[PDB]
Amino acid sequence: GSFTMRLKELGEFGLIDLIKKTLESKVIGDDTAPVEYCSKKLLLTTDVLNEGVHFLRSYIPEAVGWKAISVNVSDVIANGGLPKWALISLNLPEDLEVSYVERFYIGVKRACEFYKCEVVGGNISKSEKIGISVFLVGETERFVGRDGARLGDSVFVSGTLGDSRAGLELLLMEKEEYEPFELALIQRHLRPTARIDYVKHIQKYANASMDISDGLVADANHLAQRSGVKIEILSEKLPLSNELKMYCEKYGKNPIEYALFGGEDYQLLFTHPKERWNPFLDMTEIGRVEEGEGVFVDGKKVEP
């Protein structure tokens, strides 16, 4: 035995901080990395999907391809940008069916057409399990990160919350038959759609923005932390879908818990004066930026 500090002890964000300092980096910290180029800003970002962690080999491949692109396009949109070019690095087992990869890219192709971006390259390496690393390049006239929230700002989110988590739980049940609303939830988990419809809004009005990937509470703390402010959320303001309620009804669950802690919805979390609100978009006011520290819900403070 020797005892040496391991990554596990440091923790995810502790490691990122170490990386940021070692690099003496000033840009690291947001969903994307803004770089100055031709009077505009290019946004560089990357996400990963590993077999056994974010999907199973039994998952429909085209959906996995759709998701791989969507997941990263989500970061770009959350920071006020439009996707442009992407590369996909694949770690593949030599026993995998050729049709799997082909179908994965069919899903990638459809997502790219939908988001109006393009996969221009990538890499292939041999491995035990499937690993998917996506690199995306986007552009914007105004980058919006996690540290620009202003006190008095209202806190917004897009769509509904908790759907993805319920979808995953339903998939885990491995039932041989699901009801329509259950398939809807499963589809939302398996095939999320990045809110590319919010780009202009974020780019023009948000003071602080990011996408909800790990859950509202957890991601709201990063926002509150980087903006050095306090976030007060009202549970009864959380946008809930009928399918989620139906799910929580059938399995004796509490919707609010799914809305606050459910991950992988890939909706947006942004802030700005309530007056900038756009009723044409499905945004919902759920709280506000108050001078202070931490994230509070109905008064009590909740940590990630």
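Position 1 is the first residue in the sequence shown; the rest follow in order. Only the largest set of C-alpha atoms that superpose within 1.5 Å between the two forms is called the rigid core.
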After core superposition, the stretch with larger RMS C-alpha deviation in 4 other deposited structures of this protein, comparing 154-162 and 175-183, is 175-183
Per-stretch CA RMS vs shown form in 4 other deposited structures of this protein, rigid core as reference, larger of 277-285/11-19 is 11-19
Per the PDB entry, mean CA B-factor is higher for 202-210 or 228-236, namely for 228-236
Of 247-255 and 45-53, the stretch with the higher mean C-alpha B-factor in the deposited entry is 247-255
Max C-alpha B-factor within the set 150, 189, 103, 195 falls on 150
Looking only at 79, 99, 89, 221, the Cα with the top B-factor belongs to 221
Chain-relative C-alpha B factor for residue 72 (record values, thirds): the middle
In terms of its chain's C-alpha B-factors, the third that includes residue 34 is the lowest
Chain thirds by Cα B factor, record data; residue 116 belongs to the middle
Sorting the chain's modelled residues by C-alpha B-factor and splitting them into thirds places residue 164 in the lowest
Split the chain's modelled residues into thirds by Cα B-factor; residue 273 lands in the highest
